[PDB]
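Letters A, B, C, D, E, F and G mark the chains as written, and numbering starts fresh at 1 in each.
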Amino acid sequence: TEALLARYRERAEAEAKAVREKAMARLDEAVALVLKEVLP
Amino acid sequence: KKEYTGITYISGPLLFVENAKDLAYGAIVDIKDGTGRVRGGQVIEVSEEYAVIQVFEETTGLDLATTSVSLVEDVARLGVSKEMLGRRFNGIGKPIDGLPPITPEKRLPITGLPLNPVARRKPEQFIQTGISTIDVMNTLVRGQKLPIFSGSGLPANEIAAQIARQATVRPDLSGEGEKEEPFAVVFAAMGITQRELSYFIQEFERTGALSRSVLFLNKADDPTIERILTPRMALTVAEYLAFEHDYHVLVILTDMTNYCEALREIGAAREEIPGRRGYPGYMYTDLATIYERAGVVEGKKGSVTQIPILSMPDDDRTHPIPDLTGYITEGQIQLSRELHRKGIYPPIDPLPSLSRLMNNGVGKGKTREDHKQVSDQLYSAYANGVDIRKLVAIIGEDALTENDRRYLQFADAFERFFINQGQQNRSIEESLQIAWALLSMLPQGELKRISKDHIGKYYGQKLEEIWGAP
Amino acid sequence: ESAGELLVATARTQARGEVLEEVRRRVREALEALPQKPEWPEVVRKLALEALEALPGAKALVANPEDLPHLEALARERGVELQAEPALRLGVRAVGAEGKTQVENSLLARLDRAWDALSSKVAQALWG
Amino acid sequence: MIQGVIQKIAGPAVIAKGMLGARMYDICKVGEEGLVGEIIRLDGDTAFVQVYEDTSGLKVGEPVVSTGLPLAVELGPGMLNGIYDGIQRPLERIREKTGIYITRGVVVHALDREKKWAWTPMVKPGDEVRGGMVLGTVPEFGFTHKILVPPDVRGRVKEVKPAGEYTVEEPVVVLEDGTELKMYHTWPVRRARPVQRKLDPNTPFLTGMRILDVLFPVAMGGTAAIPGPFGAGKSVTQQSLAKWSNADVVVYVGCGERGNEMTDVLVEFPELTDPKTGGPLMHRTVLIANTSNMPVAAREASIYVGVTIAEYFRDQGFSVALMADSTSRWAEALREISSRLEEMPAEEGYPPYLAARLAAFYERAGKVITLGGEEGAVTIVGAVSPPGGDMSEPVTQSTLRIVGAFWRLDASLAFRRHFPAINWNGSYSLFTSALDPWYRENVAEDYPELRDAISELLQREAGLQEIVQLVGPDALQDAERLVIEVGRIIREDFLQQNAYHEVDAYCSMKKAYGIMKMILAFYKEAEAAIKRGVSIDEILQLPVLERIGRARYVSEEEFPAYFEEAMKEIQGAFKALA
Amino acid sequence: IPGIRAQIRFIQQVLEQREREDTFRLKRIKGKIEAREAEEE
Amino acid sequence: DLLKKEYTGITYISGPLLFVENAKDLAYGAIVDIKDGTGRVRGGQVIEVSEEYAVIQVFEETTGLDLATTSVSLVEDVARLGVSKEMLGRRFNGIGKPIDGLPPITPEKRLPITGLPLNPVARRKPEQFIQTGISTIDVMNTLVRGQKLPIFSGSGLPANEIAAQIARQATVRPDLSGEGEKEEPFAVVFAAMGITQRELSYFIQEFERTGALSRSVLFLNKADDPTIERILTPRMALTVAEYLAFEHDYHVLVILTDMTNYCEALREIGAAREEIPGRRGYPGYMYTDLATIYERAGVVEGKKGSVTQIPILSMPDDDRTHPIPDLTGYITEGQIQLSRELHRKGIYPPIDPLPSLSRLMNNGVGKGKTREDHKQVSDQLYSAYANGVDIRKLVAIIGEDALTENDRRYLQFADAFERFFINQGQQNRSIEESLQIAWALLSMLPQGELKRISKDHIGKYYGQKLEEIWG
Amino acid sequence: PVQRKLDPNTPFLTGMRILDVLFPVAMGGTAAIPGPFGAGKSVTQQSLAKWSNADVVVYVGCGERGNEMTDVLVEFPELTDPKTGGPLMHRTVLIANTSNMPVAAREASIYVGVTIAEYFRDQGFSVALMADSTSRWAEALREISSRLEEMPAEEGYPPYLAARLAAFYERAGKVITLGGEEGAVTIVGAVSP
């Protein structure tokens, strides 16, 4: 059945949104970390 | 960073660069020409005066006025992770499936350190491949090195894909066992063509077997040094998974003949005098360093199992490649051109096949207590059947005794039902049921190598138990 | 049954890849503003010192015209010649004595050289 | 440009000094006669040049000039119905400028610069174009030659010529950036032309021979290799494929073979008829010729020129077939040049990179989605000439590992004048399974079953021959004698095919299906008869066996009625006895 | 059987002899290349 | 052009080579003269030129040369031969100098001896059937005008007799094909390389007997002559043949006595130069070198002349897979292979038809050229003889008494074939006689066994018995 | 060094009737045994270790497979010495080499084993030395000769193969040690064609 495929697509897009929301908080922390580390 | 521009020689696959004594032997370098294109290369010799670099790919646009060489890494390493499962790589770890690159947890040298002999333990548990002639008669045990010997037109790729798709562990037969033990497949293909590549991709994706697999695919038009590297990267991933995450991994090396040919070309490119029949003198050591990276380790719950696949150059088992592979592995599984031309798949010939560790992976507490005796009886009966099949062409069937006619019919039914299983996935119990149904064709008491208890317990079942859906 | 699992895995992995590529774009656009910063002369002094310590017996130093004024003192102190080169940006170049070897200390090269090493820490900080 | 002087001459190899700054595999002009060469080694201030022409009479100190470009071909209208040498020079115009012989230093253009072509533009000003898109159409010998954007050109159309007649040098389309796009372009022969996507092969390549089309099929985008000793029948088979195949365009490469063969093609093909279009057969053929006594180094260039032209015609949307008359000659040329370089040999003196070169050449075949959104294919069939018929030779062993079908020829069959003389036991094909749906839809619903039955019969006969070699045929039982005789009937009446007969030369798939059906029906009837006590020695003289044996020579359109009559006779000849 | 076995051993001897000759030639040419490089550069 | 320059400064003499250092004015491939202290002059050719030195191969022995007095002078930048129409009936040694005592010929032209490749567009289809008078060639392995058809021989086998007989009896048949009835005889160009006195005397006596010496050009390099001269003899012979054929409309038949000696000389030069060997020590460019010789035959569009080649070579150990026969077969257009087994049984000529081949046969036979049943009769003979040989193998195992009648028929056919068709002795058979004998032999088999022959031909020709021809 | 080598007068009693009766080996002699699969070679070798009158046993595995070496390294720590009832391992020395170990070790393994055996003999004991698969040692020797670019003889083996084999096998024998006592070394070499 394709209802299972629809459910899997729904959960995949939900997971993508959730991980993007997780990233958005510490995006700047990661940017600052790499900017500090690359410089001598 | 640091670049070298003192090129003094370009010819064939080699180039010489001056004032390069800071390059370590065996390093990986980038070669850039006037147009900005970058190529790969490996340092194969270092001296106080110049270094020698074997270039990957081709030297088409290079010159002595604009070419520059820079270091990439002192030692060829691969960054490994558990996210590699479900991914496809190009043979030097570059992704080829369009997905973002992995984030490594650690980087390890692709050439492996030897296992300490006192650290290994005895292999004692089997793997169910779903193929009757392997599970019943040539059982594959966790930690074994069991190659497949095939020919020119024989379908070894189909067998490899089927084994990769169907192989599994069976904890429920090992006492109570543990319901959860991870299983993964590492697939290495060397010098394959585009048709085979498409076939493998389709087979791995259409059934969901990709979700537990890692693929290293090297095409026939790719550089040869990548072909030399591919099995080592595959085995690095296998060792990492097995001995740091307690996985049960199965490694399949698609064609060792291509690897041997690439090794010969690489050796000749460095002006080395070849050994027997044009192959390098150190070929045995190289094959051993590849094969001996499998086994089971005391104190660890993981394992590595290998199924090398190689095409005999002229169906000649005397050839150096099969001969050297036989010394290092435990037995072989050999395909038959006769069975293939007769329309039987998979065309595995039981008579020349052999598994040298079978006795330890079967018995009571693993598979079933009748396994060894059933396999022995099947072997003897099939040998008798083929002999009588040869004799009847001269003397005719009417001149044969009743036992000879029964053996002949048994051999025919064996070939049609036990071997010719098609794309069917058979569990060990189903295979043993079919074996007992075939043995019941023979009269009781002729079963010399089976004990009376097992005969009483199992003999007498009719072929329609499987003939209802062969 | 397995196509959905593959879809979920691919979506998650590609979302992570997008996040890391966004981080890389941000750090790339952050690095290119350093020459405006008043700390830039110290950065170029450090880069030139690193390059010359990485090239024993170096002949000369090569840099951007707008960044060589911050490096006039070091060249005379180290006893090497300094040159002008508009193509080189936000970094320094030192040409070896023989003329065959040379070194580079541009920040973008360092960024692309250390991005693989820092990617694991980036992922740990973002989602760990 | 980089200019130097000759320093050392030894055969086809020239070492030039003062050539600092030259690049590898660049075209150079050697001497005041301007002979074409190619740089294959750079060493300090010197360069190693292999000359594509004869070098007798050159002197030390003559100038050498590098053009700065690799070997390339001109791709455009005017290549069909033509013959070229190893580096794409029209042999007709050489024969006009020079006498009956071929001389050095002749400069001619690959595409005729005087002919006018009817141009019909398809783009309009202000359209974005990309490499591989079609700009217009030019008719050529019943085809519609499509002008293509070069594979690596981007921009937007500024202006286009109105419909009319122009030469190939006319800048028909000009982009915004001012780049002029003519009817042709050049391409380096050592670079594979890009495609959009490779595709799986699911359509047969109809060769016209029963044994190849049935027992060992080759798909549309596949590769096949046909080795054998001298006199086995490679060239006749390849020319039969050229005459009777269903490919739109045929490219024939005679690398290092007899010139009489090229003459035979040039004389016959204008008089023959295209199987599908109905026009002259020569109008769909391109010949690249490099005979045995032509310069050695051009043998390598001829193969690349042929495959590049085939790839171009594929990019236009055709299905192309490429025949290589011998690759062992290419290997020998490599070995000779390597000897000149004084390198380290591998195996029988061959350079170590021979297998890589062969793999790169063979991997250019396949069915693709072109950059223009079309569909095309290239099929490669390459002949191999092992020394002494020894199949363990490195070229043959390298070829095994990359081709999809293997057609091995047998000297014993050729000695007894049994042709095509394919060694059935040593041949195979990997496209058999993939083509089954096509056979079911287009030939018959049970065709694979008949083919498998025929294969099983041949296998059984091969098995029995081992005993027959020991005790003789008379010692066998009756069923085994029947198997042996049916095997002989199959060998003599189905697999055998006369390349020079007026009707037997070409055989359709349905005719082969009918012949197989008749043979299987007869075998079933004979087995049933011997089951019930009919003597086998009486079966061999049945009147229908001669009709089965001579069913080959029936015309293609008379065949269905003949098949009906023969099937009814097969039923009667055993029903009447009962 | 003895005749065919003798033929097989004879052919093996021929092939091994040819292989040994080829090894000798390769050794000589490698020696010449090395001598030229190390003496005349 | 007219001044003489001498290069002293010879630094090396060993075997067939000689190094001279300060000579960079020597073009690659030039011809030089080497003079020693006593004033004797020997020839040579430049095979490698450089700024440091030039390498010269000496066409004679090196006895008496020294590094103090020897000098080298240029002769010509490109090796050329002076050809003339008035050289028919003359004799020359391996390098073109007269040996018959007559004055040197006045050259009409000077042609390079390496020649030039023929343009395939300028070539023509070889079509004229040549009647050699030998049944195993005329019927089964037809020779057409413009073909290269070598003979594969052995140590004691009589290949020279076969070549002389073919040269004596060969003729075209204008009446059969309807061409312009003209009776111009063949012009014979004869090149000998390492020939012994016995063979040379036989050939000369045969040519004198047939009165063909007035139409022949002879290039003789005997077995005691210098070896390196053999690199030039085939080239000079073929230069003369091509000139005659394509500038005077002659029909030239070229005979090359033994290419094995040529390959021996080629290997000597290759080994002296440290070339990378092919199989069995022969140089890697032997295929190219042989092709530059064999490919000079054929016919040209718009011209009446032709060149036909009959090389003769001895397979070293009767081994067909030796490099010399292998490469020759890969280049030429068929071969006539002799059989030692037939020779021992007293059969002449001992031509074994199974390994033989004629690639151009289909062009020159058929309706309107010889007869409409030629090709099918040939195929039927081939199949029947092959079956006979197979049954010969069988009876060696299962005994003759156990045969059927069909196998006995085929065995008798094979025996009669060998004793009547192949074995003809020294007699000249027309094509009709050979076809008649072939049909007489084929009449032994049942009419229904002739699967390769159409029923019209079987009705027309089958039935007549062999005793009516003899007996 | 030794003072003097003695004649093979006394037997090396292996405890197996067929070997001790029909095909005896003297103390200080040499014997060879092929290694077909499934013929119980390892059982016979460990029986030689357990029951023979040798005071000390030296076992050399030079190029064995990984799993075979695992089997032999697991089995011996379980065997029991009949003479004392204590572990058999208390009087044995094991030299172990797998296929992927360096070539020099695989080539020098048998020399190390025979030197240790000679030492224990010079102490006045009777030593049994068992070399498993000298074919693998020969393969290592061939590889080393190839790396040195030496002209082979026969099936690619270096021409000095027999000399090395003789140099290994001739160290066995019953001698009068430099201390005046008696000792012996017996060598059993497995050969696997």
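Quick notes on this structure:
Criterion: a contact is a pair of C-beta atoms (placed from the backbone, for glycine too) under 8 Å apart; a residue touches a chain by one contact, two chains touch by 3 or more.
Centrality by C-alpha centroid: the chain sitting nearest the overall protein C-alpha mean is D.
Distance between chain centres (mean CA atoms), chain A to chain F: 82 Å. Inter-chain spacing, taken between the CA centroids of chain A and chain C, is 27 Å. Centre-to-centre separation of chain B and chain C, using mean CA positions: 44 Å.
For the pair chain B and chain G, the distance between C-alpha centroids works out to 35 Å. Multi-chain contact residues, meaning those touching two or more other chains, occur in chain E at positions 23, 26-27, 29-30, 33.
Residue positions of chain D touching 2 or more other chains: 344-345, 471.
Touching two or more other chains at once are residues 276-277 of chain F. Listed by label, the pairs of touching chains are A-C, B-C, B-D, B-E, B-G, D-E, D-F, E-F, E-G. The touching residues of chain E, when paired with chain G in their complex, are 16, 20, 23-24, 27. Of all residues in chain D, those touching chain F in their complex are 7-11, 55-61, 83, 91-92, 94-95, 98-103, 230-231, 258-260, 262-264, 266-267, 289, 291-294, 296, 329, 332, 335-336, 338-339, 345, 348-349, 385, 387-390, 415-418, 470-472, 474, 492, 500, 546, 549. Interface residues of chain C, counted against chain B in their complex, comprise 1-3, 5-6, 9-10, 13-14, 16-18, 20-21, 54-55, 96, 98-105, 109, 113, 116, 119-120, 122-123. Across the complex, chain E meets chain F through its residues 18, 21, 25, 29, 32. Chain contact summary for the complex, chain G toward chain B: residues 37, 65-67, 69-71, 73-74, 96, 98-101, 103, 136, 139, 142-143, 145-147, 149, 152, 155-156.
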